[PDB]
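Just the one chain here, laid out as structure tokens, in the form deposited in one PDB entry.
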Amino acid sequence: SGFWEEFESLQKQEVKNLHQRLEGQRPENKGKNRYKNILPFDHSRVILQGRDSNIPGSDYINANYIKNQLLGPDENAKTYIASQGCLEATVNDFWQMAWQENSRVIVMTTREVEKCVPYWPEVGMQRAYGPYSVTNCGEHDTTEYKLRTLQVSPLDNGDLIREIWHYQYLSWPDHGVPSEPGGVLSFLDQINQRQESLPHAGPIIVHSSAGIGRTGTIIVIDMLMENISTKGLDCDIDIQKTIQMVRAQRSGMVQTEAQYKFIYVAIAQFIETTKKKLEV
């Protein structure tokens, strides 16, 4: 009865039975997914532009638009893409997405591993990725994270130059979360300020290996921070509802027990810090 109540609640939250993931399941796209069971919902997937529909799977990337649906359209919420990240086979696809979406801020929640391969050149260097040139115009590190200032242009028009700020979290442990949330809160603060300075900017791209665990954690924390900042400390904070709201847009967002608890820890610290600054 307790069990059956809880089971009923879980059944009502089930979305993988409601929304198809045809595109990610295509055999033509097998090499474009890290995991065959971590796929974008068709309804919210990012569709790559300029692709030939006669080439099976050509428009596919393992990424979804994520909207903060707890803020109204009048409340100036930031928008996100939750993406699989740093997969060597899809690096050109990633930059196509970044360009077409007009994204000016990219958030990477992993260090390199060797599989997570860099998709930027070294400082002062320039590299081609499909139709695009990327130049690394500087790297600015803290203890916990790194800002790389990128400039991107089409190969066919070098006058068009676009600044992209690449934020890479360096301190996130393998198979766990940061011991304290201050680093992530600081990181998100910088990210938010950057995005706010660019009113024309497209969505913030957030990625991790699978694009659901760390990615979902970062996005949910950011959304809750935005909700508190926008609506105030008197506002109702419902983390479970927020997670369910993002999971309807990409399955499995916030994957682990440690991530789930971390969201509470981070938001508790954010509230307390805020109150200390308000002298409240």
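A residue's number is simply how far along the shown sequence it sits, counting from 1.
One more form of this protein exists, namely the form solved in complex with a partner chain; it is left out here, but the text below deals with it.
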If you check in the deposited bound form, is residue 14 within 4.5 Å of the partner chain, heavy atoms only? yes
Contact flag, residue 69 vs the partner chain in the deposited bound form, heavy atom cut 4.5 Å: no
My question is simply whether residue 209 lines the interface with the partner chain in the deposited bound form - judged by any non-hydrogen atom within 4.5 Å. yes
Spell out, yes or no, whether the shortest heavy atom distance between residue 45 and the partner chain in the deposited bound form is within 4.5 Å. no
With a 4.5 Å heavy atom cut-off to the partner chain in the deposited bound form, the contacting stretch among 224 to 232, 247 to 255, 51 to 59, 22 to 30 is 247 to 255
